[PDB]
S.K.: 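Structure incoming, see below.
Just so we're on the same page: letters track the sequence lines, and every chain starts at 1. Computation of the quantities below employed the complete heavy-atom set of this structure, encompassing side-chain atoms and omitting hydrogens, waters and symmetry-equivalent molecules.
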Amino acid sequence: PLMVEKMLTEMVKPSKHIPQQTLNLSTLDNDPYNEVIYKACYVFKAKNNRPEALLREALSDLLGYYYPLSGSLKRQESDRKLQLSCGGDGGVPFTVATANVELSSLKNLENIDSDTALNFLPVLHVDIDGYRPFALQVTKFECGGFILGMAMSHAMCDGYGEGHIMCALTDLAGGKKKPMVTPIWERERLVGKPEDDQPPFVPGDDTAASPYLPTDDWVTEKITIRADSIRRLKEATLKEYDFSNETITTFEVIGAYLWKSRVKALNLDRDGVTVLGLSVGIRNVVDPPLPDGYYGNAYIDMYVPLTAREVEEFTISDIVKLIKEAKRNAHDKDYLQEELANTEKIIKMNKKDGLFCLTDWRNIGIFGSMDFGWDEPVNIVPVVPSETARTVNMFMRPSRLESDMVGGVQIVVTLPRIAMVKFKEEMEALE
Amino acid sequence: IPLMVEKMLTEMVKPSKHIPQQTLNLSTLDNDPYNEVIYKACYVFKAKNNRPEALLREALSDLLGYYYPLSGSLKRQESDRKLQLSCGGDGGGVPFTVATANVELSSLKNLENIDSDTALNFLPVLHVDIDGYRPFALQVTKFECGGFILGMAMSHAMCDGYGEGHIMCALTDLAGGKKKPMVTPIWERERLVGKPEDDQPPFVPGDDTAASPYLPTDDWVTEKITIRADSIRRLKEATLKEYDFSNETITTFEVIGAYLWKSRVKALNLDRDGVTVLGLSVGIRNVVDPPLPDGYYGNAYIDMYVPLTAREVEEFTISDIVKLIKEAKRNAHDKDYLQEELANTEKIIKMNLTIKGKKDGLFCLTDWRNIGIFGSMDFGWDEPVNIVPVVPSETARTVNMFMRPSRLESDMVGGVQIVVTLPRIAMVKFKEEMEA
């Protein structure tokens, strides 16, 4: 009989005056495919000064550095580009909630239904001036433990930026006076052309159709692939083809395996083209590379097109080859600028059954310490945006308390109930 | 009373041979920042029936014609966080210290129960300078009896125990009148270089472990636990009667390591819901293809980790933990596994990420029983009466080290000695568990 009740929502402003300014964003930031809300729960165990008072104070100091987080995002009808008005002005919503259970009856969110996870996550405050891109919630439990939930405009940051923001927040909450990385803006370094005569590539357009779609009985489950299974899939993949000098990554073999199993589960039109989308960091593709204080979107999506027949008939090694080549092309500066141009064309001009995007958030907890008194979250659960979940499979790391899953990977999959049944059975073949 | 060691001189011993002037790269295993610790060991020699200090200085000078990187300077860039070793420049050489003690070897009982702080009186410090530090240093402490302690210090970034043993044996081979080291040494640290995976986030095992209610404390004690061969034999038999181990035999390292883990979880009273991690090292000399030649003295092992909850460690049988320890060893012996472990270390080095997490439940086993099995060390003052490895101060608190007893203790042939560093309260409980 779980009931989570919000007690309060305050608007928290920067601890120092910010001159009124209007900021522009990068081409990657303005990508209307990226106007989704990232969400993550940080689960803290009880202790042997209340956490919400410490975090609220740190948030106000955090906005001294990350003051664009306190502004308002709005897309201009002239540009169809985003504008961020900060300073004087604003503030980040901060919600405190209580739950009528102990943390342990939720297993530290190790198996949380992603709908149920919404009870611990804030939403973005929307207004005349647009929406504030950042929001925080603290849900206190009867054990004395608590969950720190966060929402963040994906137009504002990627996971790298999200990770530094949250760690800076807990660093300040723990007594540090400065964050360890100073944030920069510099979003004009990722600004594209666009090209007047070139029709843009739109991902998911004209992809293979599924006999099960459209439906509205979609289910989200979290699938676990153990380090044992990952090695044996790598071992077998290396025997089909020695990649010689090069090593094959877990993201590559699992990604290819998810693609195959998804195509078969959705029974995609074998003559139709299916498209694997993968994100590739480009922090070091620009010259000079972006500093660590850069927290805007700093990746581009690569796409591997195959027929559903090809995906179903190719070996795993055959697909890894294409995946590896997709990542190599991402590392060319001249390709990056034509990706940027393509995005800008999509913006300036203003279904996908049939399009499969892999997302990687295993690194959500590596960018610094989150200890500010209650010792390093016992679990970090990223929650896939409702806007994209049907297209997305997300790689995430297990709880640090799950000793039997050390070195394993968890994949959040969203499929029609029919397809999901056949999808789990294909994944069984990994063990 | 008290013990007083007086250093008489330190000179930089240079090679008796011309050596190349190079800036050498190190392997991925060598560049691991967790490996930048200083190995130390005391080699005790009794009096003949003065001379030995001078003979080892000449020997060291001849040794550096072969292991000439040892005379270089170690300095890690901040460009790529990689260590570089610069040899053959001006002012190179190995620090070589001669000291005297105001007591006879008899009164320290050949270092058989030496306190680790006392033992530091016989070990050199590593020479630091604007150009970094030398990886290697020697100290000969002369005693009133006529015997002497050969103390050595060795950066783990330079070698593992296999290379350390070959260097010390080459040093005494030379001092004994031989002209060549019996094994020709090679550098080729390029053989063990990882290729970091662009899309693979770094994985640091055992970074965040179960809490101990005794930590943090300043009240740490180090003690040497002795296990005679017949208790080892009795524990092995009992472990065989829990699980039919096939024709797999169970090793002393596995079964005692498992018992050490259980006892340590109990001694430290770790949060039973938390995760405790057992680390062990697995040589990979023959895992790489081509295999490593015997003259390779760089780091040639990978660390394997067994994670469990502190409650599973207490409830599992000894045999249960042995099956897990054997499984870890099987996986380090996969060539493709070692490539990925190499890639992950490279990625850890390059990202230079913040060190975080509770290390209370991290338990790392080292094995230095093999320190004196690579050759003779007679030159001639007769085969050392004792070889005492000293745990790096940087790792002592999460490390238990296996060592062989002195060669003068007949009652302990087949026996094992374990060096244990725990909070004082935990050491009490720990010694009680060791009593069985």
S.K.: So which part of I248(A) gets closer than 4.5 Å to some heavy atom of chain B, the side chain, the backbone, both or neither?
M.R.: backbone
S.K.: Please say which of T250(A), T249(A), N363(A) ends up in a side-chain hydrogen bond (donor to acceptor under 3.5 Å, both in side chains) with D199(B).
M.R.: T249(A)
S.K.: Using 30° and 60° as the class boundaries, would you call the ring planes of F372(A) and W374(A) parallel, tilted or perpendicular?
M.R.: tilted
S.K.: Answer with side chain, backbone, both or neither: which region of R400(A) has an atom nearer than 4.5 Å to a non-hydrogen atom of chain B?
M.R.: both
S.K.: Report the option among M351(B), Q339(B), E340(B) that has the most heavy-atom pairs separated by less than 4.5 Å from atoms of chain A.
M.R.: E340(B)
S.K.: Below 4.5 Å, heavy-atom pairs only: which of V204(B), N331(B), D334(B) has the largest tally toward chain A?
M.R.: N331(B)
S.K.: Quick one: which of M180(A), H331(A), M370(A), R397(A) has the most heavy-atom pairs under 4.5 Å with chain B, could you say?
M.R.: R397(A)
S.K.: Assign the ring pair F146(A) / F44(A) to parallel, tilted or perpendicular, where the plane angle (0 to 90°) is split at 30° and 60°.
M.R.: parallel
S.K.: Against chain A, label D207(B) side chain, backbone, both or neither, depending on which of its atoms sit under 4.5 Å from a heavy atom there.
M.R.: neither
S.K.: Taking all non-hydrogen atoms of both residues into account, name the closest pair between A426(B) and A267(B) and its distance.
M.R.: O-CB, 3.3 Å
S.K.: Less than 4.0 Å between a side-chain N and a carboxylate O, is that true for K326(B) and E254(B)?
M.R.: yes
S.K.: So, does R424(B) use its side chain to make a donor-acceptor pair with the main chain of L422(B) at under 3.5 Å?
M.R.: no
S.K.: What part of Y337(B) is in contact with chain A, defined as an atom under 4.5 angstrom from a non-hydrogen atom: side chain, backbone, both or neither?
M.R.: side chain
